[PDB]
Amino acid sequence: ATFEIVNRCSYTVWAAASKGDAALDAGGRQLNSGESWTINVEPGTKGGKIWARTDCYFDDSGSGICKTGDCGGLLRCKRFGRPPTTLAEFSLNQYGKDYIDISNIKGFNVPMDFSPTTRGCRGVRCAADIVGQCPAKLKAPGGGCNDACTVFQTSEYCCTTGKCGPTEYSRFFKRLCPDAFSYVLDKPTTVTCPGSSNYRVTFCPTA
């Protein structure tokens, strides 16, 4: 399948695409404003993620640091990103369908649209100034708006036992992006698409 990752923000991002234990395609790439990076993801991939990283430095080989979303200090992510990271999430060709979501369960750094480029299903977006509003205890120095489970490490926020409810903090993310997951047991805002769909991720969409 095809992912076209478009930086419509006015600042550079360092896009990342991982499943957790391996890169997807090249695993990451600088995107200056306006730049598109199309990747190939296999069919049947489960639990894939695409995110932005901000305020990075990488040296000639590729090792470095970012202030949001860092994946073990690699330009080319083979693992997931340090919060706060707005997340595009997907598992493809499940049993005849792909399933797409955007998640604020690790926080928020960059606004995002995650739309299918082929018919049958509808996209999902979170574009609200979450970082401008973000509650003080959830602010991340380095940039972004952390989730409560990152800031406090409780069973209730982290839904550790498989039981939890919404919270004042989950609800701050759900007021601003009803169409993204705001905590682990949120009513799912997943989208079911035909198997083998293609997609566009766009950062700052409304930019």
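With a simple spin-label model that places each label point 7 Å from the Cα along the Cα-to-Cβ direction, the separation between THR160 and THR190 comes to 2.6 nm. As a calculated quantity, the FRET efficiency between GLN94 and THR38 at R0 = 22 Å, using C-beta atoms, amounts to about 0.45.
Taking amide H as placed 1.01 Å from N in the peptide plane, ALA127 has its amide H under 5 Å from the amide H of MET112, each at least 5 places away in sequence or on another chain. Using C-alpha pairs below 8 Å separated by at least 6 residues, the relative contact order for the chain is 24 percent. Taking a ≥ b ≥ c as the square roots of the eigenvalues of the Cα gyration tensor, region 59-170 is classed as oblate, since a/c reaches at least 1.5 and a/b does not exceed b/c. With R₀ set to 30 Å, the beta-carbon distance separating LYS137 from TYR57 gives a calculated FRET efficiency near 0.60.
Over the chain, dividing the summed -39,500 (n - 2.57) contributions of all DSSP H runs of at least 4 residues by the number of residues returns a 222 nm mean residue ellipticity of -2000 deg cm²/dmol. Near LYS163, which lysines are there with a Cα under 29 Å away, not counting those fewer than 8 places off in the same chain? Straight-line reach from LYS163, under 29 Å: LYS19, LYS46, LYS49, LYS97, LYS106, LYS137, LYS139, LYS174, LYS187. For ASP21 and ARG119, the difference between the fully extended length at 0.36 nm per residue and the C-alpha to C-alpha distance is 32.2 nm.
Reconstructed Cβ throughout: ideal geometry from the backbone, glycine too, with neighbour counts over all protein chains shown. Just so you know, all these numbers are worked out from the coordinates, no wet-lab data involved.
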